[PDB]
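Here's a solo chain for you in structure tokens, the form deposited in one PDB entry.
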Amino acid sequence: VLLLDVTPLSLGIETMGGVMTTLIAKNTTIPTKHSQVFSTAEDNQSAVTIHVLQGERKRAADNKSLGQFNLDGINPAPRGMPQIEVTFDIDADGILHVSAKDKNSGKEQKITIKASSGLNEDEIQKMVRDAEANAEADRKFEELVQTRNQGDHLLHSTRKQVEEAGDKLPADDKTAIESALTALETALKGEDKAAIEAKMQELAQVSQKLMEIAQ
């Protein structure tokens, strides 16, 4: 009532594309507990790396690392299908407990991070400075990442839809599409958002028939 224990900075994990995803937001009063269900990036992925971050920067690499830990034993499935619930829990004493739980396998891995770990009172103030100083640049990075994830979903999805369409797809369209996928896959390898959107444009246009067959 005269004071508050708060989180100076946001706390969370690194997610597909090097993005920091936030669990517990800046200036939250402890004790506190937030959960979020995540999934796997890649097909038949048997583990996930839980990389714990402190900071306000969109790029995981610009934020302060507090440790990382694996949850193994993820039973084979398509990417985006496993349920990994991730829980940040700050008790009344300032200690952070992060758990990942595979909601199919029941398996669990925790890490426990001292109240003292992470950025000192100064670093905190610098981090907020950089957040507002690099807002524009963080935004641009977010849009590239989101665009790369949009690109990759369109690629992964279209390849499946070609496998299940088999002989249904006119060889002609299958030629046009397999060329747009190879180019899309190359562009995804770069940092040019415009060029990824242009290969996504190329795929859309030549995939009208494939799309029909998926129904």
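Quick note: we count residues from 1 along the sequence shown, nothing fancier.
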Going by the entry, of stretches 169-177 and 152-160 the one with greater average Cα B-factor is 169-177
Please work out which of 78-86 and 138-146 has the higher mean CA B-factor as recorded in the PDB entry. 138-146
Residue 101, C-alpha B-factor rank within chain (lowest, middle or highest third): middle
C-alpha B factor of residue 191, ranked within the chain: lowest, middle or highest third? highest
Third of the chain's Cα B-factor distribution that residue 53 belongs to, per the entry: lowest
Comparing residue 133 with the other modelled residues of its chain, is its CA B-factor in the lowest, middle or highest third? highest
Taking the values exactly as deposited, rank residue 37 by C-alpha B-factor within its chain and report the matching third: lowest, middle or highest. lowest
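What comes next is about the form deposited in another entry, which does not appear here.
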Rigid-body hinge position between the shown form and the other one, taken from 145, 100, 64, 22: 145
